[PDB]
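Notes to accompany the following structure.
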Amino acid sequence: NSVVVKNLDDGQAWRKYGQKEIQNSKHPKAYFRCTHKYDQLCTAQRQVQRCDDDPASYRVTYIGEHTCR
DNA sequence: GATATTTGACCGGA
DNA sequence: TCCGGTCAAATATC
Ligand SMILES: [Zn+2]
């Protein structure tokens with residue numbers, strides 16, 4: 001999983017999120033995560049609130065849809 | 001609007 | 001309390 005190369009454009013979509021000096025290393029280490037990391041979140045939400053007009057019932061609000069598997 | 005990078009802060013683990 | 005991995009605010013460039 002580790003390789004030695006001379007240009008960093010591996011054709012993947014990378015996003016830099018940090019850079020650290022490392023003890024006993026001459027050069028900093030850069031950190032990248034996938035640009036698409038969050039593109040497949042399940043964004044479905046639900047809100048629940050007892051009704052003012054009827055405390056025996058709940059208003060349930062559905063926001064978004066499920067994409068989870 | 002929105003997303004990218006830089007870079008010191010922050011935190012967990014040893 | 002040192003080290004290193006991640007976060008996030010500032011900043012950039014469009
Ligand atoms: Zn990916």
Side-chain angles (χ1 to χ4, degrees):
Chain A
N1 77 332
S2 185
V3 294
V4 184
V5 295
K6 283 162 171 237
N7 71 60
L8 305 175
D9 185 5
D10 61 4
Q12 311 269 50
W14 292 115
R15 167 145 146 181
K16 184 161 182 174
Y17 64 92
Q19 167 162 317
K20 286 298 278 197
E21 303 300 322
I22 309 289
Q23 293 298 123
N24 306 322
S25 290
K26 309 196 252 214
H27 309 289
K29 182 201 280 182
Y31 300 79
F32 307 76
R33 56 100 156 162
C34 178
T35 305
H36 308 314
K37 177 172 172 165
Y38 295 112
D39 291 353
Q40 288 189 252
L41 295 171
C42 184
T43 191
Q45 292 171 122
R46 188 189 62 167
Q47 314 175 333
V48 180
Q49 184 180 201
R50 202 173 301 274
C51 298
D52 291 329
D53 48 287
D54 176 18
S57 305
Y58 303 101
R59 173 151 324 262
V60 178
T61 306
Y62 290 97
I63 301 175
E65 71 216 272
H66 287 277
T67 49
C68 58
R69 163 188 303 131

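Each chain gets a letter, A, B and so on, in the order the sequences are listed, and its residues count up from 1. Values below: every heavy atom of this structure, side chains too, minus hydrogens, waters and symmetry copies.
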Under 3.5 Å, side chain of A:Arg50 to main-chain N/O of A:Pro55, donor-acceptor pair present? yes
For A:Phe32, which fellow cluster members are found when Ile, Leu, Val, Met, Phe, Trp and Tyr are connected by side-chain heavy-atom distances below 4.5 angstrom, either directly or through intermediates? A:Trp14
Considering residues, nucleotides and ligands other than A:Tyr31, do more than 12 of their heavy atoms fall under 6.0 Å from its OH? yes
Taking only distance into account, with no hydrogens and no angle test, what donor-acceptor pairs under 3.5 Å do side-chain atoms of residues 61-69 of chain A form with protein atoms, sequence neighbours excluded?
residue	atom	partner	partner atom	Å
A:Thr67	OG1	A:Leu41	O	3.4

Quick one: pull up CG in A:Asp53 and CZ in A:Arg59 and give me the separation to the nearest 0.5 Å. 7.0 Å
Point-to-point distance, once rounded to the nearest 0.5 Å, from NZ of A:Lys16 to CZ of A:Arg33: 14.5 Å
Which atom names give the shortest non-hydrogen contact between A:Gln12 and A:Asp10, and what distance separates them? N-OD1, 2.9 Å
Do other residues, nucleotides or ligands put more than 12 heavy atoms under 6.0 Å from the CG atom of A:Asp39? yes
Please report the shortest heavy-atom distance between A:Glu21 and A:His27, naming the atom on each side. OE1-C, 4.4 Å
Measure across A:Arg15 and A:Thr35 and return the closest heavy-atom pair with its distance rounded to 0.1 Å. N-OG1, 3.9 Å
